[PDB]
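Participant: This is the structure I have questions about; it appears just below.
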6 protein chains.
Amino acid sequence: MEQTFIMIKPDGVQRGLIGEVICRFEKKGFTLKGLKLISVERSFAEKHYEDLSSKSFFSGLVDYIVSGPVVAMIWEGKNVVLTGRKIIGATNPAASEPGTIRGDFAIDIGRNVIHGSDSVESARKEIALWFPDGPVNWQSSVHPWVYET
Amino acid sequence: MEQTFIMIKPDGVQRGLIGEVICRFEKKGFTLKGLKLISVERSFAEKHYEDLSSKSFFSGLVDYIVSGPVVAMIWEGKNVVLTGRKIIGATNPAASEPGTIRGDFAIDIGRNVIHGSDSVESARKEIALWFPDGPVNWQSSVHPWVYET
Amino acid sequence: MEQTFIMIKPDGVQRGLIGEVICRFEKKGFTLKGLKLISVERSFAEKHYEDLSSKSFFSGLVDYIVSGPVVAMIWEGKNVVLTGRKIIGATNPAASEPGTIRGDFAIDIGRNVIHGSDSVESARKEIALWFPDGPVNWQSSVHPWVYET
Amino acid sequence: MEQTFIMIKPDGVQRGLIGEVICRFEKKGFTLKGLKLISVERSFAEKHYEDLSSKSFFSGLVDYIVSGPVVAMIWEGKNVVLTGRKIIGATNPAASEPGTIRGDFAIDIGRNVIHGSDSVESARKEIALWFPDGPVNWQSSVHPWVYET
Amino acid sequence: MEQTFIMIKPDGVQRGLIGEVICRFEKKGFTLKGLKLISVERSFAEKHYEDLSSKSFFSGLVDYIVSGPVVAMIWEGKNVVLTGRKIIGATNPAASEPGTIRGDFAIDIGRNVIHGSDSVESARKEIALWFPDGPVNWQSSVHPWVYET
Amino acid sequence: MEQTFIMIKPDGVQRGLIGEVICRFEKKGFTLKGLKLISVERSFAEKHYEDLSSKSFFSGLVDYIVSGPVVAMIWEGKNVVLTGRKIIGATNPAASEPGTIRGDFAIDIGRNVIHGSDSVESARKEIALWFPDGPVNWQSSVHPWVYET
């Protein structure tokens, strides 16, 4: 029942990796509770990167996340946050293993295709910011076959 | 260019086919201009199937489309409507060709997995209804290689 | 909710196409009720092709079908018999369309990878011959999403 | 050459992973020597989890493998046992790396999709119990390209 | 056995469709006998399109295949010419059926990803033009399972 | 930018993995600047394996490199040398991880399917030997999304 935030960055969308990303999370057995294609404003990007406002690269991170539309999502499942980080792969694309998203598609650390919350409380902040209206709640009929009880 | 409305139906989401559907349209060269996971409310449904409100099965469609979340989408490109219909395949899953979304995943007419605007006219109507705020604009960097001139 | 008989011919096994074949029926929404790797013997083969005892090439069919192990299957679902033939493609690989099993892998009539019941009649009969013990029953948790009512 | 027993648990069948699982072993270069869909008997089950007779969770493992039909298999090759478990992934889905069967599909340790022999000795026992009548033998024509000499 | 000439156009290379193409012919069972990545010269281009020199769109063809590298190939197998054509799909993307290369990735008639000889005769000319040094010969170890005797 | 030499060995070609391989490097974002099907001559082969002269299996490797055609390539991008190797996987298939080329298809050390430059140094050497005419230059239109600046 845990939830994490997953976002396909501008390059992920430009490189036509949207469907592929979602397939990984779907096959794994997680539940999509949020999804949308959106372009970010300056104010939002900065707030999303708030915890870095005082960094050399801050201005860059904003310019980029706004240089194109992105796909925001909410994924729910046991250990979805850590599992999600595992599926995505190492932050530095050169260290990510084949089989992970960044491992199979990313090369440059600045065009690392996607983002995933780093922690549970981190996913909470991220989800509230990106999904003010809340989650889309539904139950999967395959659920008794993905979990015990 | 032209735009069409594609909607992954409740059974499409439950069967974890979201990613796959998107993949095909992405591979064809179309650009996504709208995307959202939605929980349809009775009244909204009735407007969507409004052109059929006179059929003896109207309420049936309403009961179903509201039985679970769906994924709304806007796809753009030349002939996007016709191709969209072609990619989806025939209405009757019994006549739908392998290679099409319905031919590969659907069996029952009442669980056809996906919806596609049947005409350009019904398209503009559908995307206006489902996406009030209009489309998310962007330019595929591979445009010069998908379209001539 | 009829059943049909699909058999991956010796060549299908040699070429490592067992998983692929099984995947297409699984994704279509069909239920496997019978599965087994077996190497057929002379007499049983003559009874399978029994309907062609009066053909010159009859001797060869039996010869071939026995040259290596095959995979016998029982698949269940609406129109599974007719849909199965669609999924398999034309008898002559030269006519089988891309997207169908023979369309994607088969080249020679003699090496056509698979066999499928050509009719509900042939079906209920082949199924009894190959699977004398009957089928293995179970129901898909996503059944209400693949079928109506 | 070496042999291992791989079994697709009831949750693996329900989730439509049969083809997927087989594809991976076929592509690796391994030979399939046994395959069948079985609905396990309680007494058969208790013998399968025999060495766990003492553990508290014994009845749980037994009630479960009986709850749905499974797919039993025999695969042959060099280090097929160790590669088999490597291909499968960490016992606890929380650790299983993307690229492995459990890594891409499993979430709950109780619904870990598949089983593989932990050793050569236990495989001998496993194949002898699940495939009393021995394996279906054949020689791959690509063998001389998978193995040297 | 019969041979044909397939060429991935500049847009195909740009859109990263090289491997996908080869996969389709490999999985069909055909044998690759020639493979080169080339940046075609103006004069060579005019030669390849000689049979069309007085045609109104001649300059377009020339300007086009010269705008970016291409992948030239030789494929061998029974009915490889007509089949290669069936794999590529309708010349007009708008008509190409899902499952074919153009059906899956093309949209604009002038950016249709691939070229395939349309006759055994034309194939010999094109093969003699693109690979004057002849094909790279070799037998496949799965040949006996692709063809009869 | 940096470039490396990848070679799909005879077994790799015989098992029909050419497309598959090219796909992994393509999806990663790397640029193919050289590609070809070649039946290597004894003398050339002997140069390629220079450093292993003093060794014993030397002659063995040579005999093998000439026993069947191969596919030579040049791939360009940041860290393409070590990444190419990370994609290929451990030399010993028993150690190669699922997700990597050898991890997914190799079994025997002698049929490791592929070869990749071990360093930028050897890479420069290998590239010169196999591609004396230089590379084929072009700029992916996706470049700005694969690299920041």
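Determined by X-ray crystallography, 2.4 Å, according to the entry header.
Cβ atoms are placed via backbone N, Cα and C, with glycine included.
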Participant: Given that Swiss-Prot assigns C:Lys9, C:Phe57, C:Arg85, C:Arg102, C:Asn112 to the ATP site, pick the one from C:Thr31, C:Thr91 that the record assigns to that site as well.
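Facilitator: Looking through C:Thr31, C:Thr91, the residue Swiss-Prot assigns to the ATP site is C:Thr91.
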Participant: At the Cα level, what's the spacing in Å between C:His115 (active site, pros-phosphohistidine intermediate) and C:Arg85 (ATP binding site), rounded?
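Facilitator: A Cα-Cα distance of 9 Å.
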Participant: For the ATP site as recorded (C:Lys9, C:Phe57, C:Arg85, C:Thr91, C:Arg102, C:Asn112), determine the largest distance between any two Cα atoms, in Å, rounded to the nearest integer.
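Facilitator: It comes out at 23 Å between the most distant Cα atoms.
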Participant: According to DSSP, which kind of secondary structure is C:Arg85 (ATP binding site) found in, if we only use helix, strand and coil?
Facilitator: helix
Participant: For C:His115 (active site, pros-phosphohistidine intermediate), what is the tally of other C-beta atoms lying within 10 angstroms of its C-beta?
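Facilitator: Its Cβ has 18 other Cβ atoms within 10 Å.
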Participant: Can you count the other CB atoms that lie within 10 A of the CB of C:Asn112 (ATP binding site)?
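Facilitator: By my count, 22.
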Participant: Going by DSSP, is C:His115 (active site, pros-phosphohistidine intermediate) sitting in a helix, a strand, or coil?
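Facilitator: DSSP call for C:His115 (active site, pros-phosphohistidine intermediate): strand.
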Participant: Using DSSP, would you call C:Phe57 (ATP binding site) helix, strand or coil?
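Facilitator: Assignment for C:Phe57 (ATP binding site) reads coil.
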Participant: Are there any residues in the same chain, six or more apart in sequence, whose C-beta is under 8 angstroms from the C-beta of C:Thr91 (ATP binding site), and if so which?
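Facilitator: Residues satisfying the criterion: C:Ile109, C:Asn112.
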